[PDB]
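Scroll down for the structure; my scribbles are underneath it.
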Amino acid sequence: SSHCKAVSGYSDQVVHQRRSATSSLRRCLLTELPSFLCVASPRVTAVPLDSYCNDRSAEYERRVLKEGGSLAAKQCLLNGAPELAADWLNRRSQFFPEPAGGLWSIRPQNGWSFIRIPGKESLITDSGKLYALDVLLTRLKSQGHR
Amino acid sequence: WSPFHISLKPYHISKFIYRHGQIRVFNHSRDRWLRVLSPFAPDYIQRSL
Amino acid sequence: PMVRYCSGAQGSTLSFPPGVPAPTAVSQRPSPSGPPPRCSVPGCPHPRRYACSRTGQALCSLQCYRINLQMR
Amino acid sequence: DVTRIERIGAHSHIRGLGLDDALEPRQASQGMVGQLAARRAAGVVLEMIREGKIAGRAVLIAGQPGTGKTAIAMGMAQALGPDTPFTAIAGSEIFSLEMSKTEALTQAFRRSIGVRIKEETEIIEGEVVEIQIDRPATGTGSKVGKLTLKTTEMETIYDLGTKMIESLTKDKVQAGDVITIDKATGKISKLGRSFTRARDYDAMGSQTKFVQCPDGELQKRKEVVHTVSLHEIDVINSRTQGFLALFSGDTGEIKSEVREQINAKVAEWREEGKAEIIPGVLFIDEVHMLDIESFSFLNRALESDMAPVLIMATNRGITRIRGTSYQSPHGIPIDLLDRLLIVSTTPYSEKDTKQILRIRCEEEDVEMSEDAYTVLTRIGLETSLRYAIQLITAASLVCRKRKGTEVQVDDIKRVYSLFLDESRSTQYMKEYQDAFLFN
Amino acid sequence: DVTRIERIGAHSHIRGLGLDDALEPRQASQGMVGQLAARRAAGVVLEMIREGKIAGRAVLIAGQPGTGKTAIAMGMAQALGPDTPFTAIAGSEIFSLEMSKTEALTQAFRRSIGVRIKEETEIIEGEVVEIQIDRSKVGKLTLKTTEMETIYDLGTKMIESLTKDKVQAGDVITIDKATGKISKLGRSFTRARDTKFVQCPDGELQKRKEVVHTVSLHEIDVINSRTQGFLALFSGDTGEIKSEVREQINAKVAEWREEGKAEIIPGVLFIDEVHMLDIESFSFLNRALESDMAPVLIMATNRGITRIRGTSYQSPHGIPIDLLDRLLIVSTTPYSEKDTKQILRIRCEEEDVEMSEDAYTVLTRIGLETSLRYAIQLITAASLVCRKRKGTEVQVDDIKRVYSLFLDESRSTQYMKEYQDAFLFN
Amino acid sequence: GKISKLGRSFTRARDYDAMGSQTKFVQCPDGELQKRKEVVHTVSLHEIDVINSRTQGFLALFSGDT
Amino acid sequence: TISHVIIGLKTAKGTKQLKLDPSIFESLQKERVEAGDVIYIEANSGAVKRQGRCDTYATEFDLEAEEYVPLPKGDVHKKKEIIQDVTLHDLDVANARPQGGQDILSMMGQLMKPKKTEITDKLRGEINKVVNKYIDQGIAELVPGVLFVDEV
Amino acid sequence: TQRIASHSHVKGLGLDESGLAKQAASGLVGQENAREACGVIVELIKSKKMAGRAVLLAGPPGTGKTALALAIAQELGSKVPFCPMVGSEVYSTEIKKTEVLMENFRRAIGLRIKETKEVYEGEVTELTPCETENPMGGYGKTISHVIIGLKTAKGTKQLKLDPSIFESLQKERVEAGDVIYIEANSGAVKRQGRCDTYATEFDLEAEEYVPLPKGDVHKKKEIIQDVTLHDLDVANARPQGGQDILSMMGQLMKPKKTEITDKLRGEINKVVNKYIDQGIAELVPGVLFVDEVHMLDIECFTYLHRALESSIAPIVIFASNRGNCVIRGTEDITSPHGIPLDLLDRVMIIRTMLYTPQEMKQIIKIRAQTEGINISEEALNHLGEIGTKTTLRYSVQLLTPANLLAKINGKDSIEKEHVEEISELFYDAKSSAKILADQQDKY
Amino acid sequence: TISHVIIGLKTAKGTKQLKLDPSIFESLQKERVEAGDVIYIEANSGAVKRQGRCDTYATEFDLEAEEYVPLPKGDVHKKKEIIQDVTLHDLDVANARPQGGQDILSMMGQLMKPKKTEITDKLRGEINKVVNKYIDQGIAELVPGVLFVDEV
Ligand SMILES: Nc1ncnc2c1ncn2[C@@H]1O[C@H](COP(=O)(O)OP(=O)(O)O)[C@@H](O)[C@H]1O
Ligand SMILES: Nc1ncnc2c1ncn2[C@@H]1O[C@H](COP(=O)(O)OP(=O)(O)O)[C@@H](O)[C@H]1O
Ligand SMILES: Nc1ncnc2c1ncn2[C@@H]1O[C@H](COP(=O)(O)OP(=O)(O)O)[C@@H](O)[C@H]1O
Ligand SMILES: [Zn+2]
């Protein structure tokens with residue numbers, strides 16, 4: 001049960017070949033949950049509330065809060081540790097860099113944005129004619145017809 | 001489609017409150033004595049140890 | 001300016017191009033010392049905990065510090 | 001000789017309901033004997049569930065203690081199959097300190113309606129010959145490489161982009177390895193090191209098992225079948241990158257809006273033909289324990305179009321409902337009681353108790369004499385069937401202690417004298433009135 | 001017609017508590033009528049609230065259900081008006097899960113007493129004509145009102161403050177000098193050729209504006225709790241404010257009052273349905289009403305001699321004698337025929353329904369026989385029926401029809417005894 | 001090899017007329033400098049439990065958060 | 001520090017250069033966006049979505065894992081009108097524990113356990129004022145509905 | 001010396017080859033039928049066939065039911081788990097009762113798995129990046145491998161390593177004089193610190209020195225570890241990693257028990273089945289002993305109902321000492337032993353009877369000898385008589401204070417006067433109850 | 001590199017010079033205090049509060065984001081005798097849990113919401129010992145107060 005992957009459990013796998021149509025069967029193996037499942041999105045999004053005072057000291061303080069209180073804490077909460085941030089900065093010249101330990105390590109399938117661009121494959125599932133044509137095409141391709 | 005985005009007017013704190021309202025600001029001279037009298041000071045730690 | 005790393009069948013290989021900083025270096029064993037330093041007072045056989053400040057000799061404890069202070 | 005995690009339990013002999021193609025129960029088949037009417041009704045409801053067209057149907061099984069209600073439940077669970085979701089929940093498995101009773105019941109309901117997805121991907125299984133990495137000196141962090149794969153028939157050379165190289169480095173893949181490459185997602189699954197390539201080796205930097213080389217063509221297609229319950233889809237979509245809550249069970253009182261969103265999305269998924277939704281069965285056992293609020297939530301939750309075919313079980317009589325002071329049949333208010341069919345079970349006889357004992361001994365691999373069988377049946381008629389079932393293992397152990405092979409009446413009498421029954425224990429209990437606590 | 005968030009509610013027809021300068025109530029004014037002996041006694045409490053000299057006073061309104069004990073307390077809020085805090089909550093809303101019951105009452109007292117201050121600010125408001133920023137950086141812009149123009153040289157900070165918020169020609173902008181915030185209001189009509197259209201401002205560009213501000217005492221307590229304490233004041237995440245912080249804040253406010261650096265505005269706490277409030281809360285109230293910073297509270301009870309919650313003891317109003325001595329009791333009286341008829345007239349005015357004169361007598365009879373609320377809700381149903389009938393004025397035959405569709409408690413209970421078998425647990 | 005600052009000497013408590021956020025004035029240590037000896041420690045079993053309860057459990061000894 | 005971000009976006013019509021706030025740069029670096037990757041930025045919230053590399057770079061690598069999307073059609077910068085159905089409780093809950101924005105507080109609040117909280121009267125009143133202001137602008141239309149309480 | 005407990009003498013049931021109970025063996029006297037039944041139960045547990053079978057030891061207080069469970073545990077050995085429990089452990093403020101019970105049920109099932117450890121460790125001396133002498137087109141050299149010299153207290157040897165390990169060596173501070181270790185299976189490198197040999201070249205160094213390793217440079221051994229099935233649950237529920245904001249955040253927050261979902265168990269069972277089928281791990285079922293069961297709840301009993309007929313549950317031994325008592329969680333539903341009848345039909349009842357004065361005296365003597373106490377016969381008989389007057393516990397408890405009184409008086413054994421004085425000093429339950437009844441007006 | 005910093009204060013009653021340890025210099029640098037600002041300093045606590053730029057520089061720019069204040073009309077050096085009270089419970093609460101050490105410019109106080117906890121007895125004993133030691137040194141004295149309970 002890794003903390004960075006979506007593992008459903010164990011399920012048998014079938015690997016079909018291309019020659020002689022031989023299908024091999026595998027035993028229990030770790031299975032990753034399909035990505036598409038995540039489709040939910042909140043109805044409304046809000047910017048976090050912020051305060052406002054009427055002097056330069058409070059303005060400076062809230063401008064600090066707008067980009068994090070300190071650089072040390074910012075790289076801590078973004079890479080895992082300041083030394084981890086330095087490692088990520090200089091990893092470019094390393095053949096085998098150590099894995100990152102911050103928010104950049106976490107990579108959700110849809111990202112942190114809730115905007116959802118209409119998938120192209122919807123073209124098939126919105127028209128039956130297209131649906132037909134698709135399956136007939138797969139068929140004819142298999143057979144070899146022009 | 002994207003979620004409807006809202007943004008509220010910032011909460012307003014007056015300058016009188018920002019200057020004389022934080023207990024953390026008008027009691028720094030009293031929190032200093034609590035940090036002096038804390039038993040976690042290295043002097044007391046070494047002495048007791 | 002390309003550093004090549006080949007995990008071949010016969011064995012691994014890491015190549016370095018001309019004028020590359022060639023960070024790969026070497027190491028050696030610095031020569032050790034036979035006897036450890038001892039307390040400057042001939043009678044005391046303890047090792048050197050520290051060196052004195054006023055006169056600058058190896059010392060071990062309060063007694064040898066007082067001895068060195070008196071004998072100077 | 002080897003002992004797996006699954007042992008011989010109390011219902012380990014029941015392999016089904018034992019019904020013919022005409023749905024007529026047999027006297028003795030598939031580990032089930034007697035109780036013809038209840039088995040018939042169970043077969044009817046099993047065929048009904050298999051058809052899977054109507055929703056929110058409830059069935060209650062009532063009868064005497066130790067008359068096979070749980071046995072019927074396990075039988076229909078085994079007959080249903082492994083690929084059809086079945087959930088067994090006790091009566092007290094919903095009173096939780098982490099979520100409300102209604103929330104627990106909602107999770108139990110949504111845990112029964114499964115979604116089956118067939119996932120077909122294109123993969124490349126092959127042995128690694130050599131790997132080429134060309135690190136940049138300064139530049140801007142762009143890496144380039146090549147990778148040669150070989151099988152017993154064909155071999156090829158592949159180019160590498162800037163995405164799989166980091167994965168290959170993270171997995172630390174070197175020469176002499178057999179790997180499966182997922183073309184779609186891009187993950188690298190490690191099988192093991194080969195044989196011939198192991199001849200040229202440095203000091204031990206990787207010591208593990210050994211494998212062979214994938215024969216045939218280098219590129220193939222793999223297929224997986226995923227069965228995902230609605231509840232875990234809800235948990236997945238309730239928070240970003242939240243997946244340990246499937247195992248940790250930390251999600252509590254999920255927001256409804258997520259639930260309707262998942263319901264709608266599952267509806268479209270069914271319409272598009274990609275995934276297939278299959279209703280399951282929920283089995284709540286000893287359901288007299290449910291508070292009245294749970295029953296009344298069941299009332300409304302059973303009228304939805306996604307509810308499962310819940311099956312009840314109760315052995316109580318005219319008893320007050322938990323949390324109230326009103327009497328009612330089966331300890332259940334009439335409102336819920338008026339929305340389901342009730343199946344009753346009859347007490348057993350000698351002829352079928354003997355066959356129950358015989359099949360239990362066949363399961364446990366114990367041999368007794370016919371006189372021993374008669375004595376055991378007399379015990380299992382003067383005393384409950386569970387006691388007679390339990391005595392079998394003790395008698396077999398006692399017989400094996402004296403280096404015997406066939407259990408005899410003397411062994412059974414010895415075991416009867418050694419252990420005790422509830423009735424005999426209570427009888428011996430009355431003579432120590434002052435010796436016990438709080439009489 | 002656009003629909004506001006606020007619509008025609010149960011008490012939406014009340015706008016202020018009508019009384020004369022001598023505190024004597026007239027028969028009909030400001031939408032509410034009746035209760036001659038109750039409106040006069042409410043005026044004294046309203047005057048005490050609007051004074052603010054004395055602290056910690058409790059008044060309880062007791063009477064028959066439906067006799068306006070909630071109506072007069074709702075009109076008191078309207079007559080008090082804004083700028084004086086008024087917190088109204090239900091008696092069953094203090095039983096929180098993440099907050100103690102004793103702490104909820106304290107959190108409710110401190111939402112009603114406020115602290116008011118006045119300060120000065122420098123504001124630069126006007127229409128901008130031209131902006132020029134070179135490549136530190138040098139900036140220059142010319143502001144223009146209807147009565148003057150002025151050029152300005154910008155410092156380095158103002159360069160960023162103007163580049164962050166893209167300001168072009170013909171924009172009416174307001175700037176806080178002490179902070180540097182650009183708050184554009186719109187564009188002028190002059191530059192509209194080739195999105196709120198505002199005209200150019202008036203007067204001097206630089207104004208010394210006096211700004212008054214009031215903050216709840218509970219607001220002050222919550223700000224000091226966390227690193228950003230104001231955030232928890234909207235989401236309710238605050239819980240169990242330490243009792244030592246409250247004492248220090250009280251001392252601070254007391255010395256502010258003594259030095260005249262700020263003023264204290266007493267408020268009103270309305271607590272509805274007190275009859276269901278544990279004896280612990282009552283005992284806490286006995287001691288929380290003797291504080292210097294104790295607001296004035298109005299409380300309403302519609303129950304008689306009843307067992308008080310949490311115990312097995314019986315006391316009037318469902319309140320122990322100890323709390324009854326602290327407060328003053330005002331008793332309402334049941335409405336009469338004329339009062340009921342006038343109430344129906346006022347309601348029909350509120351929902352704007354034109355109905356016949358002969359219907360008032362039958363509606364008044366129905367209200368007098370059915371607790372006066374059923375008649376109140378019958379009006380909208382009758383109007384809907386008449387609208388379905390394509391008529392214009394509500395007639396008697398269109399009321400009795402509704403009288404046959406929707407039942408009341410007495411008729412439904414009578415129809416319940418003859419279906420006893422089919423009804424559960426009776 | 002861990003440094004544990006205890007404060008400043010009494011005789012060094014005048015060169016600054018505006019002391020910082022947190023400073024303490026303690027007398028200079030006396031006696032021998034590098035002391036080597038044996039000490040006895042009496043620890044309750046509850047402390048050993050709490051320490052291994054979580055990653056940093058010694059805070060719970062005073063906080064009561066265990 | 002970073003003050004400006006210069007981004008060149010090439011659609012079917014052509015290419016344009018834009019200057020954007022450093023927060024947009026932070027979001028772009030967050031999503032691992034390089035040259036040749038189709039992106040979609042909204043200016044109301046600053047959110048950035050990456051759809052993968054362009055279809056032109058299809059034959060560059062024999063083996064690859066990234067998905068390829070075709071070149072977008074239309075103008076680089078464009079505004080669109082979206083009709084949305086919402087409830088008061090959605091706005092209230094979104095303002096209770098905010099999750100919008102590209103900062104670190106909301107990003108990490110997106111990962112915590114979603115616990116309910118008791119909303120105070122102040123937030124409800126402020127939401128009422130905001131929605132009234134929206135109504136007065138001729139955009140927000142109110143459609144009150146029905147709540148069905150069963151087994152009351 | 002190990003301090004004397006209250007059940008130290010119990011070393012076994014003391015049975016023959018034929019299973020008959022000896023009169024006095026392994027610290028147990030009497031209860032012959034109970035000992036025979038417990039031996040049968042021990043054989044059942046060792047059979048590795050049944051699952052979810054339960055036995056209820058029923059008898060008056062102080063008759064040895066608790067002792068017999070410990071005797072069964074001792075006769076079982078130490079390679080099979082034996083989880084004790086009381087009836088009050090279910091009531092938790094952090095998690096529901098049926099999860100406390102499920103976790104405990106999963107505790108009493110243990111695994112045992114074997115593996116090999118291979119490591120190269122020791123002091124580093126030199127690092128020679130041995131090159132191949134003939135760079136390739138477009139490059140000035142071609143490093144072939146890295147020669148690393150490692151020395152321990154046994155000897156020095158040189159190892160040829162992959163060049164990429166050098167990239168890891170510069171990741172840490174790999175200089176001559178440090179001691180390192182590389183895992184053969186993993187292949188990583190880790191630095192422990194500088195040797196003690198160079199601990200005197202300075203007077204104050206910020207790093208702490210470790211002793212030079214003793215033994216061969218390349219170590220390889222075989223180890224067998226035992227983990228219960230509940231440990232896998234907790235390990236999989238809370239992934240202990242550091243390269244995440246979630247892992248570290250949870251590791252900073254207060255740790256709380258979480259209700260483990262049944263899907264996690266469904267996969268752990270599958271993987272352990274696969275590894276058992278591969279012959280790598282050996283499963284050993286154990287025993288779970290609940291004492292004072294009468295403190296459970298009706299919900300707990302109703303969950304135990306379903307819990308017992310499972311094919312995975314271990315063998316459970318219940319113990320109780322209540323008469324006809326009201327079941328906890330109900331109003332007035334009385335039942336024997338405070339246990340519901342429907343559950344009580346799933347258990348095998350073992351009756352435990354009282355103790356005769358001869359057996360009581362034998363128990364007193366056994367306790368005295370195990371405790372290291374010498375007693376005279378004229379005092380042992382008086383102590384046995386006193387115990388028979390009141391109870392066995394009150395007789396056994398007076399052993400130590402009498403010995404202390406005798407040692408104070410200087411005598412090396414207890415006499416009549418010591419026993420009578422101790423009995424005069426302390427009181428029993430019966431006399432105290434009589435005094436309370438007499439003086440009820442002043443309490 | 002740095003040992004101490006010399007600062008010069010001036011009002012319309014005189015001028016003084018002060019010597020600051022690097023901690024106070026760091027505190028000044030955090031407040032973004034440059035030459036020509038009105039500063040308030042407390043020697044006992046080390047508090048640093050910037051009260052705005054002096055009015056004499058108000059003409060330096062026509063529009064500046066800063067706010068300007070007049071030169072103070074008072075003594076640069078002020079001495080007072082102050083008597084402070086603090087109950088034991090304050091010490092227990094302060095030392096029970098890790099003190100936030102956050103007074104703005106930190107988002108790590110935005111993670112854990114403070115909650116009242118159960119104070120152990122070991123802490124209370126340590127506090128008692130420390131209080132005894134300090135009142136034996138003569139720095140502080142002790143006063144036994146009174147507790148009053150209603151609705152007992
Ligand atoms: N018809 C049957 N066929 C086979 N076994 C049965 C049958 N009825 C009861 N049994 C056996 O009786 C035992 C006890 O039954 P149980 O499940 O406790 O009944 P209930 O749950 O109704 O009390 C079970 O282990 C089961 O194997
Ligand atoms: N004096 C009054 N003037 C106008 N309407 C009234 C008056 N008294 C009661 N009502 C009506 O009664 C309804 C609510 O009664 P309410 O005051 O809640 O009863 P109670 O006083 O028993 O709480 C309101 O819709 C209101 O129109
Ligand atoms: N068969 C026995 N042999 C020796 N000692 C026994 C025996 N049975 C009981 N005892 C002693 O009795 C004491 C209490 O018995 P215990 O197991 O607590 O009874 P219960 O479980 O009924 O409370 C124990 O200290 C034990 O040494
Ligand atoms: Zn010396």
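Please note that chains go A, B, ... in the order of the structure tokens, that every chain numbers its residues from 1, and that ligands are numbered from 1 in the order shown.
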
| request: Residues up to 10 Å from ligand 3, counting only C-alpha atoms and all ligand atoms: could you list those as a count of residues only? | output: 59

Would you write out, as CSV, a table of all residues in chain H that have an atom no more than 9 Å from an atom of ligand 1, listing for each the closest atom pair and the distance in Å to one decimal, considering only C-alpha atoms and all ligand atoms and ordering rows by chain and rising residue number?
residue,atom,partner,partner_atom_place_in_ligand_line,distance
H:305,CA,ligand 1,18 (O),8.9
H:306,CA,ligand 1,21 (O),8.9
H:309,CA,ligand 1,25 (O),7.4
H:342,CA,ligand 1,23 (O),8.1
H:346,CA,ligand 1,18 (O),8.2

| said: Quick check: residues of chain D within 8 Å of chain G, only C-alpha atoms, returned as a VMD selection string. | reply: chain D and resid 158 to 161 163 to 164 183 to 186 238 to 242 251 to 252 254 296 300

For the residues in that selection, give me N, CA, C and O atoms as a JSON list (two decimals), in the first residue's frame.
[["chain", "number", "residue", "atom", "x", "y", "z"],
["D", 158, "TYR", "N", 14.85, 1.03, -29.35],
["D", 158, "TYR", "CA", 13.85, 2.07, -29.12],
["D", 158, "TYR", "C", 14.54, 3.36, -28.69],
["D", 158, "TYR", "O", 15.56, 3.34, -28.00],
["D", 159, "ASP", "N", 13.96, 4.48, -29.11],
["D", 159, "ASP", "CA", 14.40, 5.78, -28.63],
["D", 159, "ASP", "C", 13.70, 6.10, -27.31],
["D", 159, "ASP", "O", 12.67, 5.52, -26.96],
["D", 160, "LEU", "N", 14.28, 7.04, -26.57],
["D", 160, "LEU", "CA", 13.75, 7.42, -25.27],
["D", 160, "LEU", "C", 13.53, 8.93, -25.20],
["D", 160, "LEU", "O", 14.39, 9.71, -25.63],
["D", 161, "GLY", "N", 12.39, 9.32, -24.66],
["D", 161, "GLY", "CA", 12.07, 10.71, -24.41],
["D", 161, "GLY", "C", 12.54, 11.16, -23.05],
["D", 161, "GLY", "O", 13.38, 10.52, -22.41],
["D", 163, "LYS", "N", 10.56, 11.51, -20.39],
["D", 163, "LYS", "CA", 9.66, 11.06, -19.34],
["D", 163, "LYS", "C", 9.95, 9.65, -18.84],
["D", 163, "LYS", "O", 9.92, 9.43, -17.63],
["D", 164, "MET", "N", 10.22, 8.70, -19.72],
["D", 164, "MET", "CA", 10.52, 7.34, -19.27],
["D", 164, "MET", "C", 11.92, 7.20, -18.71],
["D", 164, "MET", "O", 12.18, 6.26, -17.95],
["D", 183, "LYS", "N", 2.90, 0.89, -22.45],
["D", 183, "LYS", "CA", 2.96, 1.97, -23.43],
["D", 183, "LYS", "C", 2.05, 3.13, -23.07],
["D", 183, "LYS", "O", 2.36, 4.28, -23.38],
["D", 184, "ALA", "N", 0.92, 2.85, -22.41],
["D", 184, "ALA", "CA", -0.05, 3.91, -22.13],
["D", 184, "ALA", "C", 0.38, 4.78, -20.95],
["D", 184, "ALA", "O", 0.64, 5.98, -21.12],
["D", 185, "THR", "N", 0.45, 4.20, -19.75],
["D", 185, "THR", "CA", 0.80, 4.99, -18.58],
["D", 185, "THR", "C", 2.30, 5.26, -18.49],
["D", 185, "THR", "O", 2.72, 6.35, -18.11],
["D", 186, "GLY", "N", 3.12, 4.27, -18.84],
["D", 186, "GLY", "CA", 4.56, 4.43, -18.80],
["D", 186, "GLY", "C", 5.28, 3.82, -17.62],
["D", 186, "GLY", "O", 6.39, 4.27, -17.31],
["D", 238, "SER", "N", -13.77, 11.90, -3.23],
["D", 238, "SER", "CA", -14.01, 12.79, -2.11],
["D", 238, "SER", "C", -12.80, 13.64, -1.75],
["D", 238, "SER", "O", -12.97, 14.66, -1.07],
["D", 239, "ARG", "N", -11.60, 13.26, -2.18],
["D", 239, "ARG", "CA", -10.43, 14.08, -1.91],
["D", 239, "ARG", "C", -9.36, 13.81, -2.95],
["D", 239, "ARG", "O", -9.32, 12.74, -3.57],
["D", 240, "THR", "N", -8.48, 14.79, -3.14],
["D", 240, "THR", "CA", -7.41, 14.68, -4.12],
["D", 240, "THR", "C", -6.31, 13.76, -3.61],
["D", 240, "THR", "O", -5.84, 13.91, -2.48],
["D", 241, "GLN", "N", -5.89, 12.81, -4.45],
["D", 241, "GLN", "CA", -4.81, 11.88, -4.13],
["D", 241, "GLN", "C", -5.09, 11.17, -2.81],
["D", 241, "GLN", "O", -4.20, 10.97, -1.98],
["D", 242, "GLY", "N", -6.35, 10.81, -2.59],
["D", 242, "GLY", "CA", -6.72, 10.04, -1.42],
["D", 242, "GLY", "C", -7.07, 8.61, -1.75],
["D", 242, "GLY", "O", -8.16, 8.32, -2.25],
["D", 251, "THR", "N", -12.02, 8.17, 5.84],
["D", 251, "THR", "CA", -13.06, 9.06, 5.33],
["D", 251, "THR", "C", -14.33, 8.91, 6.15],
["D", 251, "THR", "O", -14.81, 7.80, 6.38],
["D", 252, "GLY", "N", -14.89, 10.04, 6.58],
["D", 252, "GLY", "CA", -16.07, 10.02, 7.42],
["D", 252, "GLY", "C", -17.13, 11.01, 7.00],
["D", 252, "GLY", "O", -16.86, 12.21, 6.91],
["D", 254, "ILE", "N", -19.01, 11.40, 4.02],
["D", 254, "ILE", "CA", -18.73, 12.02, 2.73],
["D", 254, "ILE", "C", -19.89, 12.91, 2.32],
["D", 254, "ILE", "O", -21.06, 12.61, 2.60],
["D", 296, "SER", "N", -35.61, 3.06, 10.07],
["D", 296, "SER", "CA", -36.35, 4.09, 9.34],
["D", 296, "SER", "C", -35.52, 4.69, 8.22],
["D", 296, "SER", "O", -36.07, 5.10, 7.19],
["D", 300, "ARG", "N", -36.42, 4.57, 3.65],
["D", 300, "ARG", "CA", -36.27, 5.46, 2.52],
["D", 300, "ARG", "C", -35.14, 5.01, 1.60],
["D", 300, "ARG", "O", -35.27, 5.09, 0.37]]

| message | Please check the contacts: residues of chain C at most 12 Å away from chain F, using only C-alpha atoms, listed as a VMD selection string. | response | chain C and resid 48 to 50 59 to 66

| said: Could you check the closest approach to residue 140 (chain G) for each of G:54, G:71, G:86, G:24 and tell me which residue wins, using only C-alpha atoms? | reply: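 With only C-alpha atoms as the atom set, the closest residue is G:86.
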
| DSSP helix (DSSP H, G or I) selection over region 56-299 of chain H, as an MDAnalysis selection string | chainID H and resid 65:76 97:107 164:169 229:237 245:252 262:277 293:295 298:299

| note | Here CA of residue 427 (chain D) and CA of residue 349 (chain H) stand apart by 12.7 Å

| message | Distance limit 7 Å, reference ligand 2, atoms considered: only C-alpha atoms and all ligand atoms. Which residues make the cut? Give them as a ChimeraX atom specification. | response | /E:10-11,13-14,31-35,64-72,302,343,347,373

| field | Contacts of residue 34 (chain C) within 12 Å, only C-alpha atoms, excl. fewer than 6 positions in-chain, as a VMD selection string | value | chain H and resid 197 to 198 200 to 201

Those selected residues, please, written with N, CA, C and O atoms and delivered as a compact mmCIF listing (two decimals), in the first residue's frame.
# COMPACT_ATOMS: atom_id res chain seq x y z
N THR H 197 39.68 5.14 15.23
CA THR H 197 41.14 5.23 15.14
C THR H 197 41.59 6.68 15.01
O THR H 197 42.59 7.08 15.62
N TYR H 198 40.87 7.48 14.22
CA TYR H 198 41.18 8.89 14.05
C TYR H 198 40.41 9.77 15.03
O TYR H 198 40.15 10.95 14.73
N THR H 200 41.50 10.85 17.86
CA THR H 200 42.42 11.63 18.67
C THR H 200 43.19 12.67 17.87
O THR H 200 43.99 13.41 18.46
N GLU H 201 42.98 12.76 16.56
CA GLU H 201 43.71 13.74 15.76
C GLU H 201 43.26 15.17 16.04
O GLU H 201 43.94 16.11 15.60

| request: Find the spatial neighbours of region 6-17 of chain B, counting only C-alpha atoms, within a cut-off of 7 Å - ignore same-chain residues fewer than 5 positions away - and output them as a list in words. | output: residues 45, 46, 47, 49, 50, 51, 52, 53 and 54 of chain A

Could you write out the selected residues, including C-alpha atoms, as a CSV table (one decimal), in the first residue's frame?
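Saved the output as selection_7.csv:
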chain,number,residue,atom,x,y,z
A,45,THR,CA,-14.3,27.6,-5.9
A,46,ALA,CA,-13.2,30.5,-3.7
A,47,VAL,CA,-10.0,32.4,-3.1
A,49,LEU,CA,-10.1,35.0,2.6
A,50,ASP,CA,-7.5,37.6,3.5
A,51,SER,CA,-7.5,40.6,5.9
A,52,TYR,CA,-6.8,44.2,5.2
A,53,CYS,CA,-5.4,47.0,7.5
A,54,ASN,CA,-4.5,50.6,6.8
